[PDB]
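K.L.:
can you look at this? It's an experimental structure, sequence on top.
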Amino acid sequence: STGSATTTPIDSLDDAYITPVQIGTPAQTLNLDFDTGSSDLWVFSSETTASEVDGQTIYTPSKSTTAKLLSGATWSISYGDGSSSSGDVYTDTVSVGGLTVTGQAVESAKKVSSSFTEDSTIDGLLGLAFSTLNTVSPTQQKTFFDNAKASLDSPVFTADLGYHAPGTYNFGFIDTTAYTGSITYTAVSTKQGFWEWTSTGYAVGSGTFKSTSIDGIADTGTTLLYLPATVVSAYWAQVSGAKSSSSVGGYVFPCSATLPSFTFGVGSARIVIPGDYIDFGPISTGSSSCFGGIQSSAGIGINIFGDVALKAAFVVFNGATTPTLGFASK
């Protein structure tokens, strides 16, 4: 089997991407944030505290003939940005882009944090990291990918995120029309439950490439590119008037600037992030200070190749017995 679904930016900045997902029978279509940095499929639901729902589409298990309570199971998750959610669990039929899994754990939110409530465009998350990070207790549950894997033509999914445009998530096949050149594969560590890999270095603009190992995660659920402070300082030093603002919470730059590109290494290959991908616009409406899309990881504990980096590539998440990542230009 295969599946193929379009993923669409939630706003003009590409802050996140939503993908329609069919849950239940008859289908209830919810727009989920596919997150390669977490492992829970959770949804706004008929159980979510009413004051915490503001425009999201909800899953109503009682209206699904295939829903079954997963008795005793609860979940609770906290994300890198400080957001959180928790609740109970149903199993149901879940389809993405024509690919169906029966018996998928669908984590029904009873509570969500303010950032989720305030984002009316995101109806929940679909985790695509390794199932070792799934938070369901007392019986950990599998991701949609892990449940689908054995049925897929190839045990892979791909992320092809657009810059200010829709893109695609494919499951079970590699669309050889979707990228240019060849795909460079690189090793993955699953020790922390993430798609963790080591970049071979970076360049700023037309500068020389610096060979240096940068361990980090491929995380579709993170907007920005978070890298070591040395690398980030080297980038923003090439932008007149850029500075790190403790009041704003990262590097800002004059909205009048033209940003340089940023290149990262994948083995001997190179992925170039155009400068415009690094512009996240005014810090507040009407400001002439703009927020940068490359930020320091120093206060995180991990480097994160988030959407700023991933949308410059066609990215293969190879879930074979020995997982690997692949990157191609496009």
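P.N.:
Thanks, I have the structure now. Numbers count the residues shown, from 1 in each chain.

K.L.:
quick one: contacts of the longest helix along the chain?
P.N.:
Of all the segments of type helix in the chain, defined by DSSP state H, the longest one is helix 229-236. Helix 229-236 is contacted from outside by 202, 204, 210, 214, 242-244, 251, 253, 260, 262, 292, 294-298, using Cβ atoms under 8 Å, 6 or more residues apart in numbering. Where you see a C-beta, it was placed from the backbone N, CA and C, and this is true even at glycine.

K.L.:
let's see 7 Å
P.N.:
202, 204, 242, 251, 253, 262, 292, 294, 295, 296, 298 (Cβ atoms under 7 Å, 6 or more residues apart in numbering).

K.L.:
thought the third one was touching residue 250?
P.N.:
In other words, residue 242. No. Taking contacts as Cβ atoms under 7 Å, residue 242 lies outside contact range of residue 250: 10.6 Å.

K.L.:
so which of the contacts of helix 229-236 is the most crowded?
P.N.:
In terms of neighbour count, residue 262 stands highest of the contacts of helix 229-236 at 28 neighbours, by other Cβ atoms under 10 Å.

K.L.:
measure that residue to residue 101 for me?
P.N.:
For residue 262, the distance to residue 101 equals 37 Å [Cβ to Cβ, to the nearest Å].

K.L.:
for residue 196, which residues are in contact?
P.N.:
Counting by Cβ under 7 Å, 6+ apart, residue 196 has contacts 188, 189, 215, 217.

K.L.:
how close does it get to residue 36?
P.N.:
Residue 196 is 11 Å from residue 36, by Cβ to Cβ.

K.L.:
quick one: residue 215 and residue 200 touch, right?
P.N.:
No. Assessed by Cβ under 7 Å, residue 215 is found out of contact with residue 200, at 11.1 Å.

K.L.:
tell me which of those two has more neighbours.
P.N.:
Neighbours per residue, other Cβ under 10 Å: of residue 215 and residue 200, the larger number sits with residue 200, 19 against 12.

K.L.:
that's a strand at that one, yeah?
P.N.:
Yes. Under DSSP: H, G, I helix; E, B strand; the rest coil, residue 200 sits within a strand.

K.L.:
tell me the spacing between the residue lying closest to it once chain neighbours are set aside and residue 222.
P.N.:
Leaving aside its chain neighbours, residue 200 sits nearest to residue 265 (3.4 Å; criterion: Cβ to Cβ, 6 or more residues apart in numbering). From residue 265 across to residue 222, the span is 20 Å (Cβ to Cβ).

K.L.:
about what we covered before: right, and the residue nearest to residue 200 touches residue 201 too?
P.N.:
Yes. Using Cβ under 7 Å, residue 265 is in contact with residue 201, at 4.4 Å.
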